[PDB]
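Colleague: Protein chains in written order, with the authors' numbering: chain d, 36 to 246, 264 to 469; chain R, 36 to 246, 264 to 469. Even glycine gets a Cβ: it sits at the ideal position worked out from N, Cα and C. Got a structure for you, questions after.
Protein chains: 2
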Amino acid sequence: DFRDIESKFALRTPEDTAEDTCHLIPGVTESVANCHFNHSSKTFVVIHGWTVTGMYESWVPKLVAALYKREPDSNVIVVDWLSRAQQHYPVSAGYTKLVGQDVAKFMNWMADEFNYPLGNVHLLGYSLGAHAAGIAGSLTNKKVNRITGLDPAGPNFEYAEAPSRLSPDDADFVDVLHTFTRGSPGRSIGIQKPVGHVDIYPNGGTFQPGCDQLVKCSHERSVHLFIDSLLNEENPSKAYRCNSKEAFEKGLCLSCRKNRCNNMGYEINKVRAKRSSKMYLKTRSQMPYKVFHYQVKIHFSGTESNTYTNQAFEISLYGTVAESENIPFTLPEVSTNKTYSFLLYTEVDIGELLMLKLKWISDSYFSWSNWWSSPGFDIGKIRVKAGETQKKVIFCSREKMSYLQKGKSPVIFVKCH
Amino acid sequence: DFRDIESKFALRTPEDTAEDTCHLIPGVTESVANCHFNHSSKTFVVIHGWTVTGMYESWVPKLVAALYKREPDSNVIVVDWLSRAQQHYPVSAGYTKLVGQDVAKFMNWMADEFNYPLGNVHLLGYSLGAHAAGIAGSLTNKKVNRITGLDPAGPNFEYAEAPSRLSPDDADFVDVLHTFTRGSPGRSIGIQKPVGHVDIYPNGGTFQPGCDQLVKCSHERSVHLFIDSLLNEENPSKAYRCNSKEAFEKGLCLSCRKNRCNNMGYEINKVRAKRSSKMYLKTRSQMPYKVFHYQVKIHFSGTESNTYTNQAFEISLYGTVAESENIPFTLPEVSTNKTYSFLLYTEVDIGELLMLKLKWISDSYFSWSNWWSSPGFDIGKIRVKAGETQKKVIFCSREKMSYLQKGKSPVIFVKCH
């Protein structure tokens with residue numbers, strides 16, 4: 036029963052990360068003590084996804100070093116694919132049902148000879164690798180601990196059966212990233228269906244703000277968002293639970309009570325749910341991928357009832373540690389006696405807020421534009437609710453300069469209570 | 036919790052059996068992978084008993100080689116005593132309640148860090164070592180598999196409590212030898228009480244037929277009967293269940309049905325019982341310790357009613373492979389119209405019996421003794437029941453020479469049916 040294991044195995048060291056020296060063989064037991072498999076710690080299994088060349092991709096010799104820097108004295112097993120993945124795509128879409136059985140036989144061998152606990156096994160998966168890890172685990176003697184899927188495959192695995200894809204019953208805790216879900220239903224590269232216990236949509240999941265290397269740009273963010281979560285142990289990147297992509301832009305759903313607002317990546321909290329769990333956050337185009345989240349509610353008031361549209365504002369943020377000066381945002385359908393809310397983000401740490409400017413800029417540039425007296429409003433209060441630290445401050449002004457007018461000097465608000 | 040472990044530990048190799056090079060340390064985990072503890076096989080723990088010098092005894096560097104010859108690629112852990120055993124005897128009779136707790140802490144550490152099964156652990160014990168292994172096991176997280184006690188301690192551990200000695204609830208299967216149980220109740224070197232699931236009394240347990265080296269002669273037979281059982285894999289030495297020492301000499305209890313007639317030593321069958329289980333066998337004074345067991349029933353018949361006593365007989369055994377010629381036995385209270393039975397043993401393999409002489413010798417030697425016509429009887433049949441191979445043959449003679457007479461020619465019996 037141990038000659039149909041052509042999908043090989045390997046074990047890599049922190050001193051040698053880019054090679055495949057010490058192999059493991061299912062059935063031969065003189066090699067397990069040859070690769071120095073430490074029987075006390077956890078075990079990472081990294082399953083390779085699709086490829087078109089003969090070698091590995093470029094993210095595996097970085098993910099090996101990241102795992103060996105975050106969790107020292109552990110086990111990272113690299114599964115091999117290079118006689119089965121270099122094909123066309125419906126050809127390699129059928130080999131997952133065999134490679135998952137090979138991995139299941141290997142794990143049952145390790146759990147039935149050496150009495151391995153199967154309680155400290157992470158199953159990392161790329162686009163085909165996530166479905167490989169999903170078809171594994173269901174064919175084990177008991178439940179595996181955690182399967183992490185990084186932007187799984189879309190085309191032939193959507194509309195399929197639950198024992199055929201990465202289903203939420205495959206393990207005890209499954210988290211799935213959804214970086215590249217742009218396209219029609221059934222014709223997308225990533226999968227559009229929520230499949231895990233926790234389902235994170237970074238930037239909504241349509242694309243990523245960085246787009264042959266440029267061709268696969270927003271398909272490698274599901275690895276570069278995980279390497280960053282392994283490196284930044286002390287600083288987690290929270291993700292926020294909402295109900296739709298359009299509602300998160302209005303900022304009505306920054307609520308972190310009753311099993312909401314989980315983390316993203318390795319430091320996620322094991323929380324089970326009853327249904328699909330869509331979660332949201334925003335990112336940045338560089339190697340620190342953390343941004344903060346602020347909610348701003350603005351009360352408009354005045355006398356002259358005049359509606360407008362597509363007005364551009366500029367706001368500042370003045371706090372204890374540092375400051376943010378020229379954040380732009382727009383609001384359509386501004387009018388009197390309303391209460392508007394939106395979402396605001398930044399990449400500079402603030403601390404606790406002190407003051408806040410508010411400028412309503414002018415689209416016109418001509419020397420004509422100083423006349424034809426500009427529209428204005430009477431702003432009383434701004435409610436600000438921070439994202440992580442749940443503080444709800446109140447801002448107001450004095451009984452002077454409380455009149456925002458387009459193309460004029462901005463108002464300045466202070467801490468009001 | 037890992038600095039009160041002054042009773043050290045060691046692991047020995049088949050290439051180095053008489054030294055203590057690679058130690059194990061409870062708590063320090065860089066040494067478990069240093070001694071190459073194979074996590075797949077079984078584990079032997081040899082607990083040393085009492086001593087009076089500073090070094091080990093002479094049977095441990097033979098038992099190590101015997102275990103490594105019988106079960107290759109296994110684990111033999113030698114427990115150390117040499118700062119606690121070189122004392123007086125009521126001094127070393129109190130340290131077992133500490134060494135057993137140290138061994139229990141070591142086994143719980145191995146079973147709670149490396150997830151060891153605790154299903155393949157043999158606990159070998161000498162005279163104090165058996166009670167050390169008995170006070171261990173009760174203080175483990177679950178039941179250990181098998182504890183073997185080799186002639187446990189007698190004086191201060193008799194009349195004690197069940198959580199204080201080697202009790203039958205200490206493990207899942209416990210076998211105990213009783214080689215040196217001679218003495219008064221409460222004043223014996225070995226223990227006189229049956230304590231195990233299987234309790235074997237070789238030669239009844241009073242002494243052994245081989246009796264400073266000569267002082268401890270019949271206390272080392274409980275190790276030399278186990279080394280022989282490890283070496284002779286293909287040839288087991290059966291032990292026979294009876295009810296008293298006097299009844300086994302009459303041979304009325306050679307019955308091997310309904311969970312009777314188990315083996316002796318390593319090759320014993322796991323059979324649980326409801327009460328104490330006394331079992332019997334005989335041995336020989338040299339390194340092959342196997343003898344066969346034959347039951348002989350003799351029907352006396354005649355006319356002249358004359359009782360006698362203390363008459364000596366000589367019998368022969370003629371079989372397929374070899375022959376036994378001059379086996380002596382005696383029978384008191386011989387008389388007409390009776391049926392007598394006894395036990396007979398030998399050390400030469402026979403096979404299947406063919407013929408059997410029977411000679412009733414004369415105590416007198418004088419030239420007078422040919423006269424005063426000797427007493428005689430008329431022997432019809434002899435029922436022979438072999439020990440291992442349950443065959444019940446019937447022997448008889450022809451209708452000539454059927455008259456055994458003292459100091460005359462012997463009768464010769466053949467296979468009768």
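CB-CB under 8 angstroms to residue 312 (chain R), same chain, minus the five flanking residues each way: which ones, in chain order?
Modeller: 292 and 293, listed in sequence order.
Colleague: Going along the chain, which residues of the segment 64-83 of chain R sit with their C-beta nearer than 9 angstroms to a C-beta in chain d?
Modeller: Taking 9 angstroms as the Cβ-Cβ cut-off against chain d, the residues of the segment 64-83 of chain R that qualify are 64, 67, 68, 71, 73, 74 and 75.
Colleague: Given 8 angstroms as the limit, is there contact between the segment 421-428 of chain R and the segment 439-457 of chain R, that is, 3 or more CB pairs closer than that?
Modeller: Yes, since at least three Cβ pairs between the segment 421-428 of chain R and the segment 439-457 of chain R fall closer than 8 angstroms, the two stretches touch.
Colleague: Mind checking which residues open and close the alpha helix (DSSP H) that includes residue 162 (chain R)?
Modeller: First-last of the alpha helix (DSSP H) with residue 162 (chain R): 162-170.
Colleague: Identify, in the order they occur along the chain, each residue of the same chain with its Cβ nearer than 8 angstroms to the Cβ of residue 433 (chain d), setting aside the five sequence neighbours on each side.
Modeller: The answer, listed in chain order, is 351, 446, 447, 448 and 468.
Colleague: In terms of residues, what are the limits of the alpha helix (DSSP H) holding residue 136 (chain R)?
Modeller: That run of the alpha helix (DSSP H) goes 131-148.
Colleague: The segment 138-172 of chain R: which residues have C-beta closer than 8 angstroms to a C-beta of chain d, in chain order?
Modeller: Listed by position, the residues of the segment 138-172 of chain R near chain d (Cβ gap below 8 angstroms) are 148, 149, 150, 151 and 152.
Colleague: Considering residue 447 (chain d), what are the terminal residues of the beta strand (DSSP E) in which it resides?
Modeller: Its beta strand (DSSP E) spans residues 444-448.
Colleague: With a threshold of 8 angstroms, are at least 3 pairs of Cβ atoms found where one atom belongs to the segment 318-327 of chain d and the other to the segment 358-367 of chain d?
Modeller: Because the criterion of three Cβ pairs below 8 angstroms is not met, the segment 318-327 of chain d and the segment 358-367 of chain d do not touch.
Colleague: List the residues that DSSP assigns as beta-bridge partners of residue 110 (chain R).
Modeller: DSSP output for residue 110 (chain R) lists R:78 as bridge partner(s).
Colleague: Count the other CB atoms, across all protein chains shown, that sit within 10 Å of the CB of residue 347 (chain R); report buried if there are 16 or more and exposed otherwise.
Modeller: Buried, since its Cβ has 16 or more Cβ neighbours within 10 Å.
Colleague: Since residue 301 (chain R) is in the beta strand (DSSP E), which residue starts that stretch and which ends it?
Modeller: Run containing residue 301 (chain R): none in the beta strand (DSSP E); it sits in the alpha helix (DSSP H), 297-301.
Colleague: How would you write the range of the beta strand (DSSP E) that residue 408 (chain R) sits in, first residue to last?
Modeller: Where residue 408 (chain R) is concerned, the enclosing beta strand (DSSP E) stretches over 405-412.
Colleague: What does the alpha-carbon distance come out to for the pair residue 44 (chain d) and residue 286 (chain d)?
Modeller: If I take the Cα positions, the gap works out to 33 angstroms.
Colleague: Taking residue 277 (chain d) and residue 102 (chain d) to be in contact with their CB atoms under 8 angstroms, please state how far apart those CB atoms are, rounded to whole angstroms.
Modeller: Rounded, the Cβ-Cβ distance is 15 angstroms, inconsistent with contact.
Colleague: Run through the DSSP bridge pairs and tell me what residue 364 (chain d) is partnered with.
Modeller: Note: residue 364 (chain d) sits in a beta bridge opposite d:382.
Colleague: Tell me which residues share the same chain as residue 400 (chain R) and place their Cβ nearer than 7 angstroms to its Cβ, disregarding the 5 neighbours each side in the sequence.
Modeller: 374 and 376.
Colleague: Measure the C-alpha to C-alpha separation of residue 284 (chain d) and residue 442 (chain d) and round it to an integer number of angstroms.
Modeller: Straight-line Cα distance between these residues: approximately 22 angstroms.
Colleague: Would you check if there are 3 or more beta carbon pairs closer than 8 angstroms linking the segment 167-174 of chain R to the segment 192-211 of chain R?
Modeller: Yes: the two stretches touch, three or more of their Cβ pairs being nearer than 8 angstroms.
Colleague: Take residue 154 (chain d) and list the residues in its own chain whose beta-carbon comes closer than 6 angstroms to its own, dropping the five residues that flank it on each side.
Modeller: So the list reads 180, once near-sequence residues are dropped.
Colleague: Residue 74 (chain d) to residue 175 (chain R), Cα distance in whole Å?
Modeller: Cα to Cα, the separation comes out at about 22 angstroms.
Colleague: Helix, strand or coil, according to DSSP, for residue 239 (chain R) in the structure here?
Modeller: Looking at residue 239 (chain R) - three-state DSSP - the assignment turns out to be helix.
Colleague: From residue 344 (chain R) to residue 290 (chain R), what does the alpha carbon distance come to, in whole angstroms?
Modeller: Each residue's Cα considered, the two are about 9 angstroms apart.
Colleague: Inspect the CB distances between the segment 182-189 of chain d and the segment 221-230 of chain d and report whether three or more fall short of 8 angstroms.
Modeller: The segment 182-189 of chain d is in contact with the segment 221-230 of chain d.
Colleague: On the CB-based measure, 16 or more other CB atoms within 10 Å of its CB, does residue 157 (chain d) come out buried or exposed?
Modeller: Under this definition residue 157 (chain d) is a buried residue.
Colleague: Considering Cα atoms alone, identify which of R:215, R:334 and R:211 is closest to residue 230 (chain R).
Modeller: If we check each option's Cα against that of residue 230 (chain R), R:211 comes out closest.
Colleague: For the beta strand (DSSP E) holding residue 98 (chain d), just list the boundary residues, first then last.
Modeller: That residue, residue 98 (chain d), is in no beta strand (DSSP E); its alpha helix (DSSP H) goes 95-105.
Colleague: Grouping DSSP H, G and I as helix and E and B as strand, with all else coil, what is residue 278 (chain d)?
Modeller: Helix, per DSSP.
Colleague: Provide the residue span of the beta strand (DSSP E) that contains residue 127 (chain R), from first to last.
Modeller: Unbroken run through residue 127 (chain R) is the alpha helix (DSSP H), 124-127; no beta strand (DSSP E).
Colleague: Quick one: grab the DSSP three-state call for residue 304 (chain d).
Modeller: Coil at residue 304 (chain d), not helix or strand.
Colleague: Can you tell which of d:386, d:429 and d:49 has the C-alpha that lies nearest to the C-alpha of residue 104 (chain d)?
Modeller: For residue 104 (chain d), the nearest C-alpha among the options comes from d:49.
Colleague: Alpha carbon to alpha carbon, what distance is there between residue 162 (chain d) and residue 182 (chain d)?
Modeller: Taking the straight line joining both Cα atoms gives about 13 angstroms.
Colleague: I'd like the span of the beta strand (DSSP E) that includes residue 347 (chain R), first residue to last.
Modeller: Looking at the DSSP string, the run of the beta strand (DSSP E) that includes residue 347 (chain R) is 344-352.
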